[PDB]
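>
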Amino acid sequence: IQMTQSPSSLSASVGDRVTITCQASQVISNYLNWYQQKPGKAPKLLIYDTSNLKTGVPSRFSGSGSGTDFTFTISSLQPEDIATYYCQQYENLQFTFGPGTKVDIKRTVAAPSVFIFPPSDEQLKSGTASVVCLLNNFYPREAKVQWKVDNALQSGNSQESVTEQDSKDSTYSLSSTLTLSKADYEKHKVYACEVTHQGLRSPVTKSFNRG
Amino acid sequence: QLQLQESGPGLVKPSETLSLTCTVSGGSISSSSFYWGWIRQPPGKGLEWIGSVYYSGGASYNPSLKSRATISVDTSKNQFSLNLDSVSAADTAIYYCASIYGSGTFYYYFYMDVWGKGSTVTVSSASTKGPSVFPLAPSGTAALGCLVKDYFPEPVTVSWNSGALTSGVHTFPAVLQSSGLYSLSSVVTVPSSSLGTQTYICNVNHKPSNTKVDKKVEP
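Residue numbers (our numbering), protein chains in the order written: chain A, 2 to 212; chain B, 2 to 220.
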């Protein structure tokens, strides 16, 4: 009834052979093409007409198949290859894209470097205080960040953001922002973020004393 | 060679019309071997082809959008356009223009060759709001950054020293706050020996509110 791609996502080591499959919705007559969409970018055509490489595409990519069953292969996965891969048909006078396969890299554990930032003076003058904790260049994504204010554990007043996987060393970075009113901010002295992570021997705490 | 650039508004109010224009350079739109299409990507979802136009003016549409969509071409200005009527939140998406190469003698085979960089369209009742930009100041390696707070809609772009600093920059994905506005931060790591000597400046651009801000970040 509809196009499929399998798997929907996969995690592979650098140097691994990666194979992903596509099922067209009918026996194809027009080209079956493959696009790569790296995070934050438009898609880019890699393979057209089932198996033909666009000029300048690296030789580690290939495609094959016939009828309704198609395959896309990366013979030796490189860090720059993290992306979502889409097959594409043109049948019944419509372009249709497959649901996409997200390819991530698994690498060895890597410890975060931790930094803490006080609110700026400009922001305080406006009645709000944002305290920011940064975990830089770690693997895997999973990590526990706890905010403590005068040794009191916080909840409900922080939000986290995580970068996309780095295209060179396959690590992540993470920010946790604690947001208080300026009034509440000034009622306490020590602000600390405590980081627990598989790459750390024990929790790492970065702190500052207001005043 | 061939390059495509989308242009159009960032917010559109519900039930009103979305208008985008793609300008083609590095080649004429009037080529017999090329079609001109629009593809959208809703947040976190896949790709959806909207329709294509040939330089003669013949258009072909995705059936589920044909009633509301109109794609036209203007050879004089070397551009083609998309008008999408009666928009709803379901039409919030990034909209890409693209060139389609066709070849063949007994059958006409297609692939999408060159894409634009995409324009973020948000359907909403709310007014635009430009961000406030605050320094994230440092205490080997040192980190510094910029906090870009309370803007709507997406996107903002951040760069450092007007692009002369790209090494170790991390511009985080925006988060939706409880206030219903977005915020993000961009951070960079630098030699701690350079602090107090070197000057670091984050440049924030939010086109819907026509905001361009440069913020010096000092230790």
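Just so you know, even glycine gets a beta-carbon here, dropped at the ideal spot from N, CA and C.
If you follow the beta strand (DSSP E) that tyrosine 201 (chain B) is in, where does it begin and where does it stop?
Here residue 201 (chain B) refers to the residue found at position 200 of the second sequence. First-last of the beta strand (DSSP E) with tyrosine 201 (chain B): 201–207.
> Under 9 Å between the Cβ atoms of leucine 33 (chain A) and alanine 25 (chain A)?
Numbered from 1 along the first sequence, position 32 holds the residue referred to as residue 33 (chain A). Numbered from 1 along the first sequence, position 24 holds the residue referred to as residue 25 (chain A). A contact, by the Cβ cut-off of 9 Å.
> Any beta carbon from chain B within less than 9 Å of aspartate 105 (chain A)'s own beta carbon?
The residue you call residue 105 (chain A) lines up with position 104 of the first sequence. No, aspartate 105 (chain A) does not count as interfacial toward chain B.
> Grab me the residues of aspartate 105 (chain A)'s own chain with a C-beta within less than 8 Å of its C-beta, minus the 5 sequence neighbours each way, in chain order.
The residue given as residue 105 (chain A) occupies position 104 in the first sequence. Contacts found: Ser10, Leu11, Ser12, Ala13, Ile83, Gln166.
> Can at least three beta-carbon pairs, one atom from the region 68–83 of chain A and one from the region 125–138 of chain B, be found at a separation below 8 Å?
At 8 Å Cβ cutoff, the stretches do not touch.
> I want to verify the contact list: residues of chain A whose CB lies under 7 Å from the CB of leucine 148 (chain B), in sequence order.
On the second sequence, position 147 is the one that residue 148 (chain B) refers to. What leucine 148 (chain B) touches in chain A: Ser131, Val133.
> May I ask you to report which of helix, strand or coil DSSP gives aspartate 114 (chain B)?
Stepping through the second sequence from its first residue, residue 114 (chain B) is reached at position 113. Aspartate 114 (chain B) falls in the strand class under three-state DSSP.
> Classify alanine 144 (chain A): buried if its beta carbon has 16 or more other beta carbons within 10 angstroms, exposed otherwise.
As a first step, residue 144 (chain A) is located in the first sequence; it is residue number 143 there, counting from the start. Result: buried.
> Does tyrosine 186 (chain A) come out as helix, strand or coil in the three-state DSSP assignment?
For the purposes of this step, residue 186 (chain A) is identified with residue 185 of the first sequence, where counting begins at 1. Of the three classes helix, strand and coil, the one that applies to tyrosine 186 (chain A) here is helix, per DSSP.
> Please report the straight-line C-alpha distance between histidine 207 (chain B) and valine 157 (chain B), rounded to a whole angstrom.
As a working note, residue 207 (chain B) is residue 206 in the second sequence. As a working note, residue 157 (chain B) is residue 156 in the second sequence. Each residue's alpha carbon lies about 5 Å from the other.
> Just to confirm, is the Cβ distance from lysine 149 (chain A) to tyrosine 192 (chain A) under 9 Å?
The residue you call residue 149 (chain A) lines up with position 148 of the first sequence. The residue you call residue 192 (chain A) lines up with position 191 of the first sequence. The answer is yes: Cβ separation under 9 Å.
> Is the beta carbon of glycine 41 (chain A) closer than 9 Å to that of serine 52 (chain A)?
Translated into positions along the first sequence, residue 52 (chain A) becomes position 51. Translated into positions along the first sequence, residue 41 (chain A) becomes position 40. For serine 52 (chain A) and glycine 41 (chain A), no; Cβs fall outside 9 Å.
> Quick test of your reading: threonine 24 (chain B) and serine 34 (chain B), contact by CB under 8 Å. State the CB separation rounded to the nearest angstrom.
Stepping through the second sequence from its first residue, residue 24 (chain B) is reached at position 23. Stepping through the second sequence from its first residue, residue 34 (chain B) is reached at position 33. Contact flag wrong, Cβ pair sits at about 20 Å.
> Out of B:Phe81, B:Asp86, B:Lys67, B:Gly28, which has the shortest C-alpha to C-alpha gap to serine 16 (chain B)?
As a first step, residue 16 (chain B) must be located in the second sequence, where it is residue number 15. Out of B:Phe81, B:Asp86, B:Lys67, B:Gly28, B:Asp86 has the C-alpha closest to the C-alpha of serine 16 (chain B).
> Determine which residues share a DSSP beta bridge with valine 25 (chain B) and list them.
Here the question's residue 25 (chain B) lines up with position 24 in the second sequence. In DSSP, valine 25 (chain B) forms a bridge with B:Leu5.
> Three or more C-beta pairs closer than 8 Å, one from the region 109–122 of chain B and one from the region 77–96 of chain B: is that the case here?
Yes, they touch.
> Output, in chain order, the set of chain B residues within a Cβ distance shorter than 7 Å of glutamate 123 (chain A).
Translated into the one-based positions of the first sequence, residue 123 (chain A) becomes position 122. Ordered by position in chain B, the residues that pass the 7 Å Cβ test against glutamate 123 (chain A) are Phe135.
> Which word fits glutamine 79 (chain A), buried or exposed, when buried means at least 16 other C-beta atoms lie within 10 angstroms of its C-beta?
By one-based count along the first sequence, residue 79 (chain A) stands at place 78. Looking at its Cβ environment, which holds fewer than 16 other Cβ atoms inside 10 Å, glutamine 79 (chain A) is exposed.
> Our contact map puts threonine 76 (chain B) next to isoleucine 30 (chain B) with C-beta atoms below 8 Å; I'd like the distance itself, whole angstroms only.
For the purposes of this step, residue 76 (chain B) is taken as residue 75 along the second sequence, with counting starting at 1. For the purposes of this step, residue 30 (chain B) is taken as residue 29 along the second sequence, with counting starting at 1. With 8 Å as the limit, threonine 76 (chain B) and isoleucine 30 (chain B) qualify as a contact, their Cβ atoms being about 6 Å apart.
> Between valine 146 (chain A) and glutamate 81 (chain A), is the Cβ-Cβ spacing less than 9 Å?
Here residue 146 (chain A) corresponds to residue number 145 of the first sequence, with the count starting at 1. Here residue 81 (chain A) corresponds to residue number 80 of the first sequence, with the count starting at 1. Cβ distance not < 9 Å, so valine 146 (chain A) and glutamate 81 (chain A) don't count as in contact.
> CB-CB under 8 Å to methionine 4 (chain A), same chain, minus the five flanking residues each way: which ones, in chain order?
Translated into the one-based positions of the first sequence, residue 4 (chain A) becomes position 3. Same-chain partners within the cutoff: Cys23, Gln24, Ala25, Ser26, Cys88, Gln90, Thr97, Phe98, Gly99, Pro100.
> For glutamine 95 (chain A) and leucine 54 (chain A), what's the separation of their Cα atoms in angstroms?
Along the first sequence, read from residue 1 onward, the residue named residue 95 (chain A) stands at position 94. Along the first sequence, read from residue 1 onward, the residue named residue 54 (chain A) stands at position 53. Straight-line Cα distance between these residues: approximately 23 Å.
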